[PDB]
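Notes follow once the structure below has been shown.
Lettered A, B, C, D, E, F, G, H and I in written order, each chain numbered from 1.
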Amino acid sequence: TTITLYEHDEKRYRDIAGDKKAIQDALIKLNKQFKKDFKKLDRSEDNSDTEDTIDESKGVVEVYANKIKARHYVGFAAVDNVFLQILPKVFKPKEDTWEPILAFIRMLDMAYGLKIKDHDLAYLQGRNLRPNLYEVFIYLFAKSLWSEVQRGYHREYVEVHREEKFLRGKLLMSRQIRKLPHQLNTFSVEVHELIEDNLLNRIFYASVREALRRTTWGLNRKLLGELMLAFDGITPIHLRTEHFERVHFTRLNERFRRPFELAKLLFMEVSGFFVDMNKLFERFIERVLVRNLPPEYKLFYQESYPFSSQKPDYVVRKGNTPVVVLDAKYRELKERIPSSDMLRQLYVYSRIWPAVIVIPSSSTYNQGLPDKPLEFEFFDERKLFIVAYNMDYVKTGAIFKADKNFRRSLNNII
Amino acid sequence: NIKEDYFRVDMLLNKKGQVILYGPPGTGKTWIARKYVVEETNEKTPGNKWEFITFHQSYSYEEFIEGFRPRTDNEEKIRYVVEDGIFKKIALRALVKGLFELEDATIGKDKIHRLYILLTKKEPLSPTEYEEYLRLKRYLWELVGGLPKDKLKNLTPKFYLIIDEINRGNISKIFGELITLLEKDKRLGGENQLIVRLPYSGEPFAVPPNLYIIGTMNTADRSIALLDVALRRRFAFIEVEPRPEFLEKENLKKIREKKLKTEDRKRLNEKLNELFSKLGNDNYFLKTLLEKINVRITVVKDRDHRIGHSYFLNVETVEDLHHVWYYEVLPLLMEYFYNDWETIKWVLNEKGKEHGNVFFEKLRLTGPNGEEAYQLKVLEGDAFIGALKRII
Amino acid sequence: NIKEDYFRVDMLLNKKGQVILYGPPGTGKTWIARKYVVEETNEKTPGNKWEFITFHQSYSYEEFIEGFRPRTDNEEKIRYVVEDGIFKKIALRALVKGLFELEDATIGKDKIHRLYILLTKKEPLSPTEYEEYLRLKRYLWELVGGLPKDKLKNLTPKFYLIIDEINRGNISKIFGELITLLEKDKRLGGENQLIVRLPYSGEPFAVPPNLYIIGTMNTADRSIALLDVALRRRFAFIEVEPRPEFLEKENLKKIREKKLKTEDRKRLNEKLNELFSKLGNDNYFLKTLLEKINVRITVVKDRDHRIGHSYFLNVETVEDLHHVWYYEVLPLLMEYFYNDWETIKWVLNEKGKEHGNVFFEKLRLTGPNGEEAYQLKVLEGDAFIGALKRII
Amino acid sequence: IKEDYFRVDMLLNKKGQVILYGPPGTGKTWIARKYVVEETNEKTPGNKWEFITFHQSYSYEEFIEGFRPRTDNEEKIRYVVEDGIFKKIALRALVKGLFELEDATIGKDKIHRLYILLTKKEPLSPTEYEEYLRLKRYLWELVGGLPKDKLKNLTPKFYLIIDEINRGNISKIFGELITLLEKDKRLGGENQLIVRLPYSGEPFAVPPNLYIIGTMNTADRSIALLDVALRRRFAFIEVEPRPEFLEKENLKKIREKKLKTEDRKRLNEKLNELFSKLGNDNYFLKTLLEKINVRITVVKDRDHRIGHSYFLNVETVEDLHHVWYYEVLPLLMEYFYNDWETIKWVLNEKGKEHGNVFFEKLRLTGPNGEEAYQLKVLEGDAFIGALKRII
Amino acid sequence: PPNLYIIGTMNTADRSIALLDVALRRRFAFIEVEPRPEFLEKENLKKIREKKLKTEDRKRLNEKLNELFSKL
Amino acid sequence: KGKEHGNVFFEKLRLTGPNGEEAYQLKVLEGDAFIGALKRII
Amino acid sequence: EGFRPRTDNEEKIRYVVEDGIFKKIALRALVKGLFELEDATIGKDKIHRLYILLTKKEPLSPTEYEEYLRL
Amino acid sequence: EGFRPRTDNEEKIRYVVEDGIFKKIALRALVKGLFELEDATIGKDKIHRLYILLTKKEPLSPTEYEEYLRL
Amino acid sequence: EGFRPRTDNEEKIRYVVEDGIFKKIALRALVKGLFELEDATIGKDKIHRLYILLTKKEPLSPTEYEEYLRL
């Protein structure tokens, strides 16, 4: 069964496909698996409460008696033929669930640091496939591999001190001089032969073999079927985490960086990955600000310690003199005013940095939308200047029209 | 319609110089290449005018052109004389056999005929005549460089070389000196005559315009990720399609009677009439079965993974069709789809069927995470024919 | 011929010392390396003035400049001697031929002539004269140590080493010592005369300024491409783009009658007039056909996987264009886009077409999970030109 | 000028063996060849210094010692162990250092007999090779009975200037030398090591004369000296690609160093004609290499920078055109193979698509919305206007 | 010669039949020797062990197998 | 980590990459300014 | 088929080509099959000499090995 | 087993087949097994001679190596 | 321990077995160990003859290696 969630959204167990007992068995393994692998991913003002909440089967999904509720952890996971995918709530609409997939991967393209191509994703737009995050990241792995295997096969050179019936390469002399004449019929050479089954090819044969076994499309089954035939002579391996560390990216296999990072993102039971929606917006806004703020340079994660260090998500300073704090919040900001938890942190970030502070918030049809300019000016009775900026999201499309509107509102703010 | 396939090879082999009969296995690519050379140069065996040679994964350049090899010398201790491979024993042979018919006033025809004897010698070279072989080979490449390009295009004996399974070996490593030479222009006598200096023996070497290197590439193994520049431009690729037109009643009768004898063709007529009467009196059954199963292969997987037509070409009864479907089609079908079951039953259009007359029946015990494993099921008699009559 | 690709090789090889003609397959890279050296040295065969070798993955460092190679003597069969490769037999040949017209070798001009005989000797070196060869070699590097740099700047011959497919071998390993000699001011006579010490023989070695190295690498493959940044400085890369301008009506008559200067110029001209008259009297058809494929390959594939102008150069008739399409470049296009059918339909500009006069017909049978693949169609006649007029 | 010369001379007395590492295209082999020539007054290799260079087939058996068949009699091929390139230097640098000592090494007839059999270019006959192998056993019986004060100060400085030290498998080539390449583990040091060789079994120790100045490139990161125990031995001199030499005056000072005022007047008016076409600015090629090396530092790494061996041999604007389109733009395209919006940014033509751009945009597009550019060969003064926009 | 038949034997716990070399899945013809549990009955285990032993060993083999399956 | 200019071994290059990357360069110091860049480690 | 060393009456090592397993069973299947052929009776004495030599073990001297290579 | 040179005559260095450890221990187990067997009494006075040659803790002498070969 | 060819002045290549670094320390520690005590190590001149033939700087002659193998 395929189940899909948006951030802070619920599904009924009666309407859902499959079995009632089957889905709740899949989740308790996933929330437990998120507990052991929680510390690998960074957060930003998450209020995670690592001791109590995550180990109570509330790590990724809150499984309840009457419904199934998603926390603010975005991504996907495939467990026990119950494929779960959690999209952001910002891309929620009012092919009907194919626009938020390419919106989320493009927000996973710019924020998280991936180097995927837009024409890789635009190939899938309109082919009426079943929307699934695991079916597209296997495709993004398989297409970027088959576009990097079609040119060259990555045959890397190792040297072997082999006793050959012929003579290839440099003849070892200290091993041939001390050769008895009863065994003179084989040369003892040290040939730098190119092997096809290197460590990077043992991984990509194993990463395809664990992908074709767990794929469900008709496009990925054809593409991984051609990749497995190209890797036919390679002896297979069992994938571990030691194999993904033992290879290093030099200049002669640098073009295999794009399929390998996606092969490390999906393989290392469980499959997939999860990230916090607060930090992914904190990373995504950081791409927008430094591009859109020419007058003043901006650094993310600068920290100033009170008295326990409370650090802004981003601060922009021209040289050192202007202190314009920019704290990225994923909150909906209901009733056109910041909440108690938000404005209390905005007060501290301005005071310990005469410092204006701007809060960027999400804006679409689903999320709360303010007017086009800088919506809310606030003073906290200390000559402060709190500006509520809102970035519109044309990221569901491929054109960046809202970046010009975000620059025009920031130019009036700067 | 096989003389056009002996003309499709023949029109490309005088224009590009060498071909590759690429196609799915069980088609006749080895048989078309072998029965074209035997029909052209009337020599039923290898050796003199053509040499059959297959490739493998551990085949190296030193076995093909030349390499240092230990060789015994008159039942005594070994020496380390450099041995010419299987190509250089026929590339030099195609030169010195063509240089008989050339009437020039500089040919050492007594010396060239002595070199031709030492090249066709089936025994290995003894050191009393190996130095006579290397000295006469030195006279050959002093003579070839002195002949003009006008007298090195019309060499009469067409030498051949059936490279079987050319994609199985590493093609760019075997053809070391033969991905700069195997063009029609880079041969001897052409406009771009190149005599390439070899690394091991140190003597210059150039392919003559007689040698045509026919290749028979299986493409269900070590697929189309080829060299794509060197081993793809030189070879004029001929697709040998798996033709189900040879699987009718008359076409199976015509194939198995021409190679047959007097008493064999009457028994092959009685056997094939018994076979197709058990199938439903369908004279076009095995054609329609192979054509239907080939369309399902080219839709799901690649178009060059189709089941060929050399398998069903040697059937005479239902029991022989059973032993070619369960040992040369269904193990071959489970090889292409990498032990998949939900798409291997759509090829037989048995996607929504289980436990009946199906070639892959579902086991009635699912796994822990809801997975299911199918199992091959042997059939017999009219149950198997009813399992074949719903593939169409 | 002398306009661009000759006058920019000769200017750049005389300035840098080494030229690599990198470019996609089907372009005149081996040809412009062969034509430039033969038109310079006036020797249409290898040997004395120039040597044409080619690299591969079985090529050794020990067989290039210096290595231990076991020879076959008479009474001691296994005798391990150090044998100079092909580069040390062309670098020492370029040195002792250039040192015939010097004025500081006045004690051993007979010794330099005797050393030149031992290097031009194609017979294998007997061990009674190999020590005479080694005594003259260590006399040579004593003589260039006492030679001034003003007299080693101008050596009047011009020796060449056309290595072909340089990028195939392990170029960091084959050029062992040559990764610090191959520069214009690091040969003999340059501003930094470097005489390095070879490992095996223990004799010093330095590339003369007489020598030039014209590599022709291929850049369609990527796992063998030359990314050694310390080696790309030594060479001087010349991109030979595949020019479709050699496929016009006036250009095919000028390229094919320059080489074939026989009395068949009336035969080629009336055949090339008949070929383009069947193409709609379009004198720029094959120029437009190769241009509208190479641009459409550049945008989706890499820019170095383009179709060269050596496929469509040897066309004569529509029957010959049909043979070079369906058997050389259409299996090549199915190798670039291997079961990526929406791309290969678009490269031939048949994206919306799925029936009729088209190369790839759509199958009328879709798959289980919504996949769909196409099928070749062997066209002929004016319908084939109607399938080529849609590309341009 | 003499700063890189003196910096090599300081570290070759402190650590013992210097390594000039840097991006390819700078003066690494040149400042290593000019150092050894100006310090030993010997322009060709020989006794006082020997140039070698490493590769993957430069194994241990031919560098220090290994078995080598050698008979010099055309009969009775004697399978004897012969010393490599290094041990023929370190034994030569020792027995040349045992001349100037007064009375510590009492071998004044037996050391000079060993030196004349070590510098002998003709290969050793077996009637004198038994003398060479017997005197070498006397040498390591002599060394060991000398005080460290009469062994630390050996006068004549020997140099084994090697090249591409990273290119060979350096932990395999350096065998017994992996523990002897410190300044205090040599002969005469505080902790001398008479280490034993495997094959011949005769002991061995490096003299304090022999300095190993070894140049390497660090753009190939596939083969860089990452062994952390062969970075303690060597002293790593940074040789960055310095664009200060590509001025008008600094290019006139370098290129007119050895011409004897014959072609120097031709070179002076040729550089006057080059910079008159670049815009009458003496500082063009300095900031051209600077704005490329900075823009290639922030993208690829610090180590893939364009050197100054490319642009140093330009004379006219035509020779700059033939070093741009044929040496560095094919180099810039193979850093970024089919990575087009990056290589457009190194030339900072990122908004520029058509016109005087090196990479014009193809008028076609893709089926999935992709695009790719095409290299545009520019000529004339339009090439300089396409080049001055980089600065 | 056409006499020489090549009867292979393949322990496929480590290497599957799809993981062979490509000139082994087409030149040869594969027979799956399935693990038959029907050789482990009470009467089938007696008949298999009756071929190797003698007559007096068979009554001891009969009594031991009767002692085995009574405990199970 | 916060020092990007002045007495520091690695100055920051003034421009960033096209997609948010930024590299440094090894600044050679001398004298007491080197010690002032060394005593801030401890 | 391969190379294998062999002593010649306590002398230096003499290399000789000794057939492996597959060639010793393929040649044995040939010379045993030519007994019951009516056309191969032109050399029935010499073929039978080969079959006795091909089933015995350790050919000790070259006088029967050169007989073996002649047959 | 493999080939080793021996201390034969001066100009007559010979390559014999000196047995290793596994052949020597399996022969020694076979010789000691047949030494106490009842039906192998045809040459039991020579099997004890072969046992002394196999427990000989030194390289075998060339004047009696053929006695080891014949036994 | 390994094999090593050794042609001295005019003899043939007699393939001697040369002890490596470790056995020339292990035998040298054992022989210098037994040289100081006297419980049952008879032949103190014989043990001293083995110690001289272990600290030889020159390679061993075949008239001296054979007595070194016996000791």
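The rule is short, and it goes like this: a residue touches a chain if its C-beta (ideal position, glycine included) is under 8 Å from a C-beta of that chain, and two chains touch if they have at least 3 such contacts.
Participant: By C-alpha centroids, what is the most central chain here?
Facilitator: If we average C-alpha coordinates per chain, C lands closest to the whole-structure average.
Participant: I want to compare two interfaces, B-E and C-D. Which one has more contacting C-beta pairs?
Facilitator: C-D
Participant: Please tell me the distance, in whole Å, between the geometric centres of chain B and chain G computed from their C-alpha atoms.
Facilitator: 33
Participant: Quick one: report the Å distance separating chain D from chain G, using the average Cα coordinate of each chain.
Facilitator: Inter-chain centre distance comes to 62 Å.
Participant: I'd like to verify one number: the distance from the centre of chain A to the centre of chain G, where each centre is the average of its C-alpha atoms, in whole angstrom.
Facilitator: Averaging C-alpha atoms per chain gives centres 69 Å apart.
Participant: Mind pulling the chain H residues that touch 2 or more other chains?
Facilitator: 3, 15
Participant: Residues of chain A that contact two or more other chains, please.
Facilitator: In chain A, the residues touching two or more other chains are 123, 150, 153, 167-170, 173, 177-178, 180-185, 192, 218, 221-222, 226, 232, 251-252, 255.
Participant: Could you pull out which chain B residues touch chain E in their complex?
Facilitator: 25, 56-57, 165, 168, 218, 221-222, 327-328, 331-332, 334-335, 338-339
Participant: Could you please specify the touching residues of chain F with respect to chain D in the complex?
Facilitator: Touch list, chain F to chain D: 13, 15-18, 21-26.
Participant: Which residues, counting only chain G, touch chain H once they are in their complex?
Facilitator: Touch list, chain G to chain H: 5, 7, 10-13.
Participant: Any idea which chain A residues touch chain F in the complex?
Facilitator: On the chain A side, the touching residues are 286-287, 290, 302.
Participant: Okay, in this complex, where on chain D does chain F touch?
Facilitator: 238, 294-295, 297-299, 301-302, 341-342, 345, 350
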